[PDB]
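K.L.:
Residue numbers for the sequence shown follow UniProt numbering, so the first one is 2 and each next one is one higher. C-beta: ideal position from N, C-alpha, C; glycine also.
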Amino acid sequence: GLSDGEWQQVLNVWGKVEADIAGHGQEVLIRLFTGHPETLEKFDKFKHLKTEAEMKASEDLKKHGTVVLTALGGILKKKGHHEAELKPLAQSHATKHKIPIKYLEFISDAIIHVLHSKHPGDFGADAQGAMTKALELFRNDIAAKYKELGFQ
Ligand code: HEM
Numbered sequence: 002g003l004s005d006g007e008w009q010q011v012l013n014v015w016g017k018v019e020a021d022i023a024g025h026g027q028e029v030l031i032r033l034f035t036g037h038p039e040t041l042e043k044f045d046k047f048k049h050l051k052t053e054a055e056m057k058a059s060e061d062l063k064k065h066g067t068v069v070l071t072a073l074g075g076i077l078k079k080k081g082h083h084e085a086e087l088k089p090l091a092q093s094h095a096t097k098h099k100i101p102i103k104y105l106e107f108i109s110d111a112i113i114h115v116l117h118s119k120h121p122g123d124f125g126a127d128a129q130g131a132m133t134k135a136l137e138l139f140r141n142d143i144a145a146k147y148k149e150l151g152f153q
């Protein structure tokens with residue numbers, strides 16, 4: 002449950018991401034994969050990436066980063082009214098990709114890390130609070146769908 006002012010902060014922060022969705026998406030995934038190498042194993046199409054240099058050079062990783070952040074941005078712009086947008090992602094990530102909710106926590110924190118890394122001094126405490134709450138809401142609603150599906 003975010004206030005109007007918190008959603009305003011979220012969407013203000015998101016404008017930073019939308020200016021360079023592929024660069025943000027790439028860095029989010031690289032942060033996820035390098036911080037939590039087990040997550041790489043969930044991607045048949047990225048498990049060949051042995052080094053961060055290879056990850057950085059991967060155009061397909063940037064492409065997927067764009068897909069991920071485009072989806073997330075579409076969800077965030079719903080300001081919590083995202084059941085229709087979230088449902089297929091929860092279902093695909095539980096049933097097809099088999100992504101534990103822990104990895105969604107990892108990527109949520111990776112987003113925060115990337116925002117500070119790319120916008121140092123420009124991702125204020127209020128913005129971090131609002132973005133964190135929005136990612137918690139996202140993760141929590143996914144978690145509810147995971148529970149429905151019995152997925153761990
Ligand atoms: C912000 C959180 C995430 C968003 C918005 C997101 C979004 C997406 C989207 C839109 C797709 C393609 C459509 C689909 O298959 O449903 C996808 C595919 C996929 N996602 Fe995610 N995802 C997120 C987090 C994760 C995490 C944390 C993992 C694993 C650690 C993961 C693993 C995968 C895999 C393996 C695929 C299939 C990739 C392929 O083979 O093309 N996702 N994701």
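Pop quiz: residue 1 and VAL29 are said to be a contact at Cβ under 8 Å. What is the actual Cβ separation, rounded to whole angstroms?
P.N.:
Outside the displayed range of the chain (2 to 153) lies residue 1, so it cannot be described from this structure.
K.L.:
On the three-state DSSP scale, how would you describe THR40?
P.N.:
Three-state DSSP puts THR40 in a helix.
K.L.:
Under the three-state reduction of DSSP, which class applies to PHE152: helix, strand or coil?
P.N.:
Looking at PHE152 - three-state DSSP - the assignment turns out to be coil, as it is neither helix nor strand.
K.L.:
Whole angstroms is fine: what's the gap from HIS37's alpha carbon to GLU19's?
P.N.:
Taking the straight line from one Cα to the other gives about 25 Å.
K.L.:
Less than 8 Å between the beta carbons of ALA131 and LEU33, yes or no?
P.N.:
Not closer than 8 Å, so no.
K.L.:
Under the criterion of a Cβ to heavy atom distance below 7 Å, does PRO89 qualify as lining the ligand HEM?
P.N.:
Yes, Cβ of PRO89 sits closer than 7 Å to a heavy atom of the ligand HEM.
K.L.:
Can you list, in chain order, the residues of its chain with a C-beta nearer than 6 Å to that of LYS80? Leave out the 5 residues immediately preceding and following it.
P.N.:
Counting only Cβ-Cβ distances below 6 Å, and skipping sequence neighbours, we find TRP8.
K.L.:
Classify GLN153: buried if its beta carbon has 16 or more other beta carbons within 10 angstroms, exposed otherwise.
P.N.:
Per the 10 Å Cβ criterion, exposed.
K.L.:
Using only alpha-carbon positions, find the residue among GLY74, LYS64 and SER59 that is nearest to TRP15.
P.N.:
Out of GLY74, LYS64 and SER59, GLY74 has the C-alpha closest to the C-alpha of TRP15.
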